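Heads up: the structure comes next, in structure tokens.
We use all heavy atoms of the structure for the numbers below, so side chains are in, but hydrogens, waters and symmetry mates are not. Below, chains carry the letters A, B, ... as their sequence lines are ordered, and counting in each starts from 1.
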There are 2 protein chains.
Amino acid sequence: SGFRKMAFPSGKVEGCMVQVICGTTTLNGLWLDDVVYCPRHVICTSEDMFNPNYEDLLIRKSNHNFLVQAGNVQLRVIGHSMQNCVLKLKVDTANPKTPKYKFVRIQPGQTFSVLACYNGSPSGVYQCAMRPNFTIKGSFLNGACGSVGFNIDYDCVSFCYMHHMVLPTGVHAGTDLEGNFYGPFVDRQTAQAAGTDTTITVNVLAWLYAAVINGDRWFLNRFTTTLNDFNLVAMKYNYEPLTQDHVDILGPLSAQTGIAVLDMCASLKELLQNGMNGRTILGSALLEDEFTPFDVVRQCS
Amino acid sequence: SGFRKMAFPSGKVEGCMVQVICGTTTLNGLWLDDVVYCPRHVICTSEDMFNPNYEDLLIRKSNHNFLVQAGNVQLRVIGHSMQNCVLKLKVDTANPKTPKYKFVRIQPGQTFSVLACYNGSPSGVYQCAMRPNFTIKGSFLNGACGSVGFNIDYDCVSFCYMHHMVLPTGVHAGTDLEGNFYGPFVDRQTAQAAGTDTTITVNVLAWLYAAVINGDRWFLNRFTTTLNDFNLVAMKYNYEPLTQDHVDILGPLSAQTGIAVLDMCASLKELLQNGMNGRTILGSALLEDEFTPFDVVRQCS
């Protein structure tokens with residue numbers, strides 16, 4: 001029984017957490033095979049972070065300027081490169097604890113597990129979600145730059161995020177393990193707009209479905225609704241417009257519970273038009289949008 | 001920046017997750033050195049779970065009736081014992097991945113990280129909290145019996161919980177790694193009362209303190225209060241009576257924020273007498289009591 005925010009085991013990712021020092025900056029790195037992946041802003045000082053020409057700054061930096069330490073060992077950077085916004089430090093020793101990995105880019109809404117690290121050593125793990133505005137509301141301090149977000153599919157750890165910076169809005173932004181940023185964010189110290197963060201409707205419905213599996217049924221209503229007029233209500237409350245493909249995603253949840261997905265959209269309509277009036281759907285007085293339907297199926301088995 | 005439910009890295013605990021089969025029951029086990037710790041109800045069938053004399057049932061079970069598999073290997077049970085409510089299966093091979101561990105019993109209110117496992121393989125990790133009624137609101141299914149709850153202090157993994165059963169109330173109950181249950185629960189299939197679960201006040205104040213560190217300051221008030229009359233309000237809302245020792249626990253949080261702990265108790269008084277009127281303290285319309293002040297300090301550093 002039960003249902004809560006759960007993250008993947010971080011054991012296969014802890015073995016790839018190294019500390020990359022480039023002078024005064026200390027951040028984390030991803031050691032897969034003989035390549036160490038770290039944010040490329042490790043070559044920027046502090047005043048360089050405002051207007052950084054990474055091509056020119058990388059020219060000044062040599063191979064011996066990157067210090068990679070895996071616990072208490074030392075890897076020799078025998079080649080420095082810069083793929084988009086990430087640095088691929090080619091090292092000598094290949095990581096013997098390299099799990100079966102793949103570099104994948106997630107879609108806005110999907111969830112992943114972040115292993116926060118400081119000075120290369122992991123500190124904690126929590127399940128985040130790529131918000132529609134491509135931001136991430138997580139827990140990152142001054143040394144959390146370089147921490148990765150991963151989903152573990154079977155025995156293959158799929159890395160999909162790397163923390164890069166903390167926006168002045170309070171949230172965080174990063175990139176995939178290839179180098180391309182998530183959203184309209186650049187690795188500079190300028191004021192960047194995050195945008196209006198909308199609510200993931202397909203994830204909220206999956207969260208409401210798990211509530212019926214666990215015992216929370218008060219939000220269930222006798223009314224039904226259409227897929228279009230629900231959006232007309234959802235678009236006013238800044239909710240993502242539910243698609244027919246998303247209805248197919250909630251197929252097994254609609255089957256195991258016996259409640260049609262369109263009947264769930266009518267219950268959510270009353271949850272927004274009339275509010276919750278204070279209750280505890282699984283333990284929250286608000287509606288959770290950081291639970292993908294796969295997370296509900298894999299947990300409420 | 002940021003603050004959320006964070007758990008310890010499960011890497012050092014994944015290497016001790018074995019599957020203990022005793023006939024028809026499949027549950028998880030803790031393999032530290034050459035002893036495998038599992039719930040003792042693995043020797044009970046299904047109808048035996050209602051009125052089990054574990055002393056007599058353990059007599060019928062021999063050493064070769066316990067099948068321990070660590071991934072795909074096999075350990076020989078060369079000695080079966082029963083310490084209180086846990087089984088200590090002495091095996092041949094010693095676990096080479098045994099971290100520096102210690103068996104500690106936590107106090108009502110302290111938090112820990114649970115690594116949920118099924119068929120011996122870990123499934124996920126989440127940060128729970130030993131509720132005042134010695135229950136735990138977690139995510140445990142039919143095969144989650146045997147999962148452990150651990151805190152990682154420096155390089156020493158302190159095991160403090162082992163899931164045993166799912167109460168008919170919906171919550172869960174377990175024991176420490178020695179065998180003694182948490183609360184008035186026994187490893188039988190009878191109706192057992194969990195009791196009125198009160199709110200951990202010392203943990204709520206630490207959660208309110210982290211909100212000031214992150215930017216949530218609307219609950220802060222100009223009033224102060226006394227330590228006694230706050231309890232008179234807290235005891236009516238089923239909140240744990242705040243002690244002077246707990247005031248000392250919130251010392252560093254009162255220092256870094258500049259807000260006295262008694263002034264925080266006056267803000268909580270209005271949060272209960274007048275309610276929240278719908279807001280987002282760190283992202284919740286309710287008050288969180290599963291955040292110990294140590295978790296706030298170690299995260300909001």
>> Please evaluate residues A/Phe112 and A/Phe8 with respect to the criterion ring-ring contact (aromatic ring centres under 6.0 Å, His included), reporting the C-alpha separation (whole Å), side-chain torsions for both, the decisive distance (0.1 Å), and the verdict.
In response: CA-CA 8 Å; A/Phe112 53 99; A/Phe8 288 103; over 10 Å; no
>> Please determine whether side-chain hydrogen bond (donor to acceptor under 3.5 Å, both in side chains) holds for the pair A/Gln110 and A/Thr292, giving the CA-CA distance in whole Å, both sets of side-chain angles, and the decisive distance to 0.1 Å.
In response: CA-CA 6 Å; A/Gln110 294 185 356; A/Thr292 53; over 6 Å; no
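Of the listed residues (A/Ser121, A/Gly138, A/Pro122), the greatest number of heavy-atom pairs within a distance under 4.5 Å of chain B belongs to A/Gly138.
Using a cut-off of 4.0 Å between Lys/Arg side-chain N and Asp/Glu carboxylate O, B/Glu290 and A/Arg4 are scored as salt-bridged. Ion pairing between A/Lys100 and A/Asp155 fails under the 4.0 Å rule for side-chain N and carboxylate O. For B/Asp289 and B/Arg131, the salt-bridge test passes: some basic side-chain N is under 4.0 Å from an acidic carboxylate O.
Centroid-to-centroid, the aromatic rings of A/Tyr101 and A/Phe150 stay 6.0 Å apart or farther.
Heavy atoms of B/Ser1 lying under 4.5 Å from chain A belong to its backbone as well as its side chain. The contact between B/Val166 and chain A is made entirely by side chain atoms (from C-beta outward), counting heavy-atom distances below 4.5 Å. At a 4.5 Å heavy-atom cutoff, the contact between A/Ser301 and chain B is made by backbone and side-chain atoms alike.
Of all residues spanning residues 10-19 of chain A, those with a heavy atom less than 4.5 Å away from chain B's heavy atoms are A/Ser10, A/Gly11, A/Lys12, A/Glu14, arranged by number.
In plain terms, the two heavy atoms of A/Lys5 and A/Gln127 that are nearest each other are NZ-O, 4.2 Å.
With no hydrogens or angles considered, a side-chain donor-acceptor pair links A/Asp295 and A/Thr111 at under 3.5 Å.
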